[PDB]
Every structure is written in structure tokens, then in C-alpha cells.
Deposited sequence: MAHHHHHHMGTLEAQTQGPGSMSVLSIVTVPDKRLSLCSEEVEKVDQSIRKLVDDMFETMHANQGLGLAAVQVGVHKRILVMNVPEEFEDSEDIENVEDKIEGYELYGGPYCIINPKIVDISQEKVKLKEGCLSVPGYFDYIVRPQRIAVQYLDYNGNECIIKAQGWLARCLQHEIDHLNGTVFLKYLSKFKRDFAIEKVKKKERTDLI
């Protein structure tokens, strides 16, 4: 089932998401829907708040670059990942500027600086404890999605001028769609 996506400036995107008490059948079904929704919209990541549910769950799928080094244990790509209750346990001092987009801010893309590498503990689809050590786009996607769980969209890091233009561009597309 392909779910509807909450878009800015919907205030639901600004509220923090709660911890999942246990990974049961009902969490798995939500995770299936979230993944189907992400794949249907051609996204690399998706937080539950983006489908209207305030729980600390995200899914990711970062394909390998069509190619024209890693630290031992780290990954630059992969998935699908189901990441529940993520906890940051290590984060790089080195930062990288990359272009980001988001399904909750459709049609707007901008450059954001974040740590290059991050290690995160989480519960997986099966309810088992895991660790993901992430670099490159995998680390990028993961931090972007963790922001959603804390009630943060990537516009927060931009100047007020760009943020407001972004929000007004999302709405003008929706208002122009209704002419």
C-alpha cells in the first residue's frame, strides 16, 4: 500500500517522534507500507512522520553509483534498511556539503553540510539489535532521515530567505495544481 506524504509547511513535520516500545506485527506492516511508498516515489529515504505517524522508524535504500575506499566495517551504499529507534554512537568531525532533496519538500533541492560518517545503533525489522556504520550517501540519507524523527526538515539549515522561498514554492505548485 502506497501512502500519502505530508509536505511542508504541515506542522506535523515539526513534532518529535516517539520511541517504538516493541517491534510487533503492526510495526512491520507500517514498515512495509513506508518502503512501498518510498519506492513508488523514487526516494532513497523515508521517515514515519512523513506518512503521518510520529514513531522513530525510517527506511532507506541507497543504490550503488553507476560507476564510470571504505573504512573496514563501513558502507557507502546499500539497503533496503529498516531502522527503528536509532541511536547515534559515533559521528565524524569531517563534514561534507551535498545536494539534498526530500519528498516533504517536493521540487526543491539545496546544499547541506553534515558529518561525512556516522555510526548508529538500532532495532531492525526482526526486532534485533544492529549497528550500521555509514559513509558517503548512506551516511547522508541516514542523518537526513534521523532529522525527521526529531522534527527537522532540511530547510532548517538554510537561511530564512531560502527556507521561505522553498515553502512558498511547494504551496504555489499545490495552488497552481488547483486552477
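Comparing the deposited sequence with the modelled residues, the stretches lacking C-alpha coordinates are 1 to 22, 91 to 98.
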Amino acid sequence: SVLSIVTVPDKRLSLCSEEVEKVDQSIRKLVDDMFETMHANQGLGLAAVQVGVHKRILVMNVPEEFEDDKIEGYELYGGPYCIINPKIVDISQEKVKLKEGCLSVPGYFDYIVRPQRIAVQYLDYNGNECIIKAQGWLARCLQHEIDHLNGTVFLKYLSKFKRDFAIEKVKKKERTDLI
From here on, numbers count along this sequence of modelled residues.
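As listed in the deposited structure, the average C-alpha B-factor of 163 to 171 and of 10 to 18 is greater for 163 to 171. When the two stretches 105 to 113 and 77 to 85 are set side by side, the higher mean Cα temperature factor goes to 105 to 113. Going by the entry's values, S26 shows the largest Cα B-factor out of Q50, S26, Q135, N150. For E100, the recorded CA temperature factor ranks within the middle third of the chain's modelled residues. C141: CA B factor in the lowest third of modelled residues in this chain (values from the PDB entry). The entry lists a Cα temperature factor for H54 that places it in the middle third of the chain's modelled residues. When the CA B factors of the chain's modelled residues are split into thirds, the value for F66 lands in the highest one. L30 sits in the middle third of its chain by CA B factor, as recorded in the PDB entry.
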